[PDB]
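For reference, positions follow the sequence shown, starting with 1.
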Amino acid sequence: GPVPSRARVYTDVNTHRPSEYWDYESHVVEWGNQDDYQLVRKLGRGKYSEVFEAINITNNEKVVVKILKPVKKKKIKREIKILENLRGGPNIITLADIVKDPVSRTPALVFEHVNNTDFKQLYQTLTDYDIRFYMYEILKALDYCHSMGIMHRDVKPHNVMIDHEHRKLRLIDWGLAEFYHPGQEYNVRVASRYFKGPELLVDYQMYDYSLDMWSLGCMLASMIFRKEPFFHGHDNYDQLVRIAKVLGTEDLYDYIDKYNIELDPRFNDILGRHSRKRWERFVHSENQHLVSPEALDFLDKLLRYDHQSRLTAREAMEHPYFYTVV
Ligand SMILES: NCCCCNCc1ccc(-c2ccccc2)c(Cl)c1
Ligand SMILES: NCCCCNCc1ccc(-c2ccccc2)c(Cl)c1
């Protein structure tokens with residue numbers, strides 16, 4: 001069968017902690033008052049959620065209310081426990097309350113308000129420095145949650161809120177987040193298609209925090225190259241082919257050989273043969289002002305098939321690409 005794997009960092013953080021920290025099914029939820037909050041407007045719509053801007057009428061402070069379609073109670077408890085565990089961590093969205101609607105029998109999470117600036121207008125005003133600045137803020141969030149034994153598993157631009165006026169960044173939507181336990185086999189149906197790590201696509205279940213580092217690499221490539229998304233798969237199988245068109249098929253076979261992975265038969269007629277591309281091939285007139293040798297070197301160390309060969313969040317923070325940031 002497949003060769004086992006474990007995280008190179010924070011491997012045993014949950015092993016050395018008591019069950020109260022990671023056994024989310026045993027966590028006791030305590031509701032606040034739904035009457036403290038007045039809904040203002042709809043911000044977005046998720047698979048099993050609706051996000052609203054609200055006002056806490058007891059202090060006249062704006063908040064964010066995430067109403068959850070309670071399709072799986074276990075999943076709601078997981079998200080609540082993780083949010084409670086990470087509360088106060090750098091650039092982590094702050095869970096301020098948990099409320100219930102008794103008539104519809106619906107739970108809601110109340111968060112600190114983040115004034116998100118428009119992402120489409122944020123493009124082409126962003127400089128090389130801004131990308132390095134905001135990439136560093138995301139790394140602080142990831143190094144923190146990984147150090148807390150938690151994998152986000154849904155890193156993408158939709159899950160990163162930026163208040164550009166105050167240079168404030170928050171990593172949000174911890175609904176797919178999970179406790180890392182060495183040796184555990186996780187569900188590969190996590191992250192959004194374009195941000196899915198090769199481990200998920202080849203059905204390698206013993207993954208870790210390094211999955212978030214791949215997703216972060218997809219975001220960096222799309223920002224510096226002005227190509228959204230960077231890896232444009234039309235399905236989960238085609239997503240690996242899009243990756244293989246860049247990283248090449250040679251290294252892909254080295255990765256599946258190292259972990260003794262069996263490729264799904266669906267990859268037989270679509271994978272083909274692809275040479276390893278130079279990152280400099282993606283440089284064009286519209287993006288060259290955001291690209292540098294240090295950005296390319298950093299990108300090359302995140303976008304690796306081998307999850308163990310990717311920079312951890314702390315190693316990434318020490319990369320020359322971030323020498324210009326505080
Ligand atoms: N006269 C009472 C004024 C406050 C009314 N409360 C508004 C309110 C009602 C329900 C909810 C709610 C909706 C879905 C799930 C969980 C909670 C909220 Cl956030 C707010
Ligand atoms: N679901 C709420 C919508 C949030 C939109 N996110 C805006 C955003 C803007 C820029 C970025 C960004 C900045 C620097 C480097 C890479 C990415 C992100 Cl992650 C996110």
Side-chain angles (χ1 to χ4, degrees), residues 8 119 122-139 142-143 155-157 160 191-202 209-234 238-256 258 270-325:
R8 287 195 296 110
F119 62 94
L122 224 65
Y123 296 169
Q124 211 176 12
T125 186
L126 230 61
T127 60
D128 179 16
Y129 179 71
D130 294 333
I131 301 171
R132 300 175 193 227
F133 176 88
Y134 289 120
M135 281 294 297
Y136 199 80
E137 295 302 307
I138 301 169
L139 279 170
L142 296 178
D143 184 54
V155 174
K156 64 180 180 175
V160 178
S192 305
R193 195 196 300 140
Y194 316 138
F195 305 95
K196 283 179 194 282
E199 51 268 57
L200 302 194
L201 301 172
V202 302
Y209 315 113
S210 54
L211 169 63
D212 294 338
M213 300 306 296
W214 174 273
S215 305
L216 185 73
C218 298
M219 290 189 348
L220 179 71
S222 75
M223 280 307 300
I224 69 165
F225 301 132
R226 289 183 63 198
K227 190 200 184 290
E228 243 298 299
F230 188 69
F231 297 119
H232 202 156
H234 295 343
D238 185 48
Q239 187 66 27
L240 186 64
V241 180
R242 304 318 287 189
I243 296 167
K245 287 182 178 274
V246 186
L247 307 195
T249 44
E250 293 171 85
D251 295 351
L252 176 50
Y253 282 100
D254 281 346
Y255 172 56
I256 68 135
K258 181 176 166 175
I270 61 167
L271 204 50
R273 300 166 197 173
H274 305 280
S275 66
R276 189 210 190 267
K277 305 305 183 299
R278 279 200 273 247
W279 295 106
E280 64 192 270
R281 199 189 81 96
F282 298 99
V283 186
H284 299 113
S285 46
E286 61 280 0
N287 66 32
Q288 58 87 42
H289 68 288
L290 305 169
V291 180
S292 65
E294 57 274 26
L296 297 186
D297 185 78
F298 176 53
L299 189 68
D300 187 55
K301 294 163 159 71
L302 294 175
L303 298 174
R304 303 266 184 94
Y305 285 111
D306 185 6
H307 55 278
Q308 292 181 354
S309 296
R310 296 177 202 148
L311 296 176
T312 63
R314 188 69 241 175
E315 289 164 358
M317 291 165 92
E318 305 284 8
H319 192 277
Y321 181 66
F322 302 111
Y323 285 175
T324 71
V325 319

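Distance CG/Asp143 to OG1/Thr312: 7.0 Å, rounded to 0.5 Å. Here the straight-line distance linking atom CG of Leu302 with atom NE2 of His319 works out to 8.5 Å at 0.5 Å rounding. Considering NZ of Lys196 and CD of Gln239, their distance stands at 9.0 Å, rounded to 0.5 Å. Between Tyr194 atom OH and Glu228 atom CD the span is 8.5 Å, to the nearest 0.5 Å. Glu286 contributes atom CD, which lies 11.5 Å from atom NZ of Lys227 (distance to the nearest 0.5 angstrom). How far CG of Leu303 is from SG of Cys218: 5.5 Å, rounded to the nearest 0.5 Å.
Heavy atoms only, all atoms of each residue included: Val283 and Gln288 are closest at CG1-CB, 3.8 Å. The minimum heavy-atom distance between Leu299 and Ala221, with the atom names listed, is CD1-N, 3.7 Å. Nearest heavy atoms, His284 versus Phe282: ND1-O, 3.1 Å. Nearest heavy atom pair, residue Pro198 against residue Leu240, reads CB-CD1, 4.2 Å. Listed here is the closest heavy atom pair of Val155 and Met219: CG1-SD, 3.9 Å. A pairwise comparison of heavy atoms in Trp214 and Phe231 identifies CZ2-CE1, 3.6 Å as the closest pair.
The main-chain N or O of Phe230 is never found under 3.5 Å from a side-chain atom of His232 such that the two would form a donor-acceptor pair. Distance alone, capped at 3.5 Å, is enough to place a donor-acceptor pair between the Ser215 side chain and the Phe195 backbone. Here the side chain of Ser210 pairs no donor or acceptor atom with the backbone of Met213 at under 3.5 angstrom. In this structure, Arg281 contributes its side chain and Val246 its backbone to no donor-acceptor pair below 3.5 Å. Side chain of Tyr255 to main chain of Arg304: no donor-acceptor pair is present (N/O by atom type, distance under 3.5 Å, no hydrogens or angles). No donor-acceptor pair under 3.5 Å is formed between the side chain of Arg226 and the backbone N or O of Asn287. Between the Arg193 side chain and the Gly233 main chain, a donor and an acceptor come within less than 3.5 Å of each other. At distances below 3.5 Å, at least one donor-acceptor pair connects side-chain atoms of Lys277 with backbone N or O atoms of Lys245.
Residues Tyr305 and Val202 are not in side-chain contact: their nearest non-hydrogen atoms beyond the backbone lie 4.5 Å or more apart. Using a 4.5 Å heavy-atom threshold, the side chains of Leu216 and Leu139 count as touching. Residues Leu271 and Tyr253 meet the side-chain proximity criterion, which asks for heavy atoms closer than 4.5 Å.
Looking at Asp254 and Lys258, no side-chain N of the basic residue comes within less than 4.0 Å of a carboxylate O on the acidic one, giving no salt bridge. In summary, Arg276 and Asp300 engage in a salt bridge, as defined by a charged side-chain N under 4.0 Å from a carboxylate O.
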Run the side-chain contact (heavy atoms from CB on, under 4.5 Å) test on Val291 and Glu280 for me, step by step, so that the C-alpha distance in whole Å, both residues' side-chain angles and the decisive distance to 0.1 Å come before the verdict. CA-CA 9 Å; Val291 180; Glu280 64 192 270; over 6 Å; no
Take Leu252 and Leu247 through the test side-chain contact (heavy atoms from CB on, under 4.5 Å) and record every step on the way to the result. CA-CA 8 Å; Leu252 176 50; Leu247 307 195; over 6 Å; no
Evaluate the side-chain contact (heavy atoms from CB on, under 4.5 Å) criterion for residues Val160 and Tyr134: first the C-alpha distance (whole Å), next the side-chain angles of each, then the deciding distance (0.1 Å), finally the verdict. CA-CA 10 Å; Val160 178; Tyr134 289 120; over 6 Å; no
Working for side-chain contact (heavy atoms from CB on, under 4.5 Å), residues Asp306 and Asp251: CA-CA 9 Å; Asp306 185 6; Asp251 295 351; over 6 Å; no
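Considering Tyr136, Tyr323, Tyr321 as possible partners of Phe298, the one that fulfils the ring-ring contact (aromatic ring centres under 6.0 Å, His included) test is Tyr321.
Atom OH of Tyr129 sits in a crowded spot, with more than 12 heavy atoms from other residues, nucleotides or ligands closer than 6.0 Å. Taking a 6.0 Å sphere around OH of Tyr123, one finds it holds more than 12 heavy atoms contributed by other residues, nucleotides or ligands. Other residues, nucleotides and ligands contribute only 12 or fewer heavy atoms inside 6.0 Å of the CD atom of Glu250.
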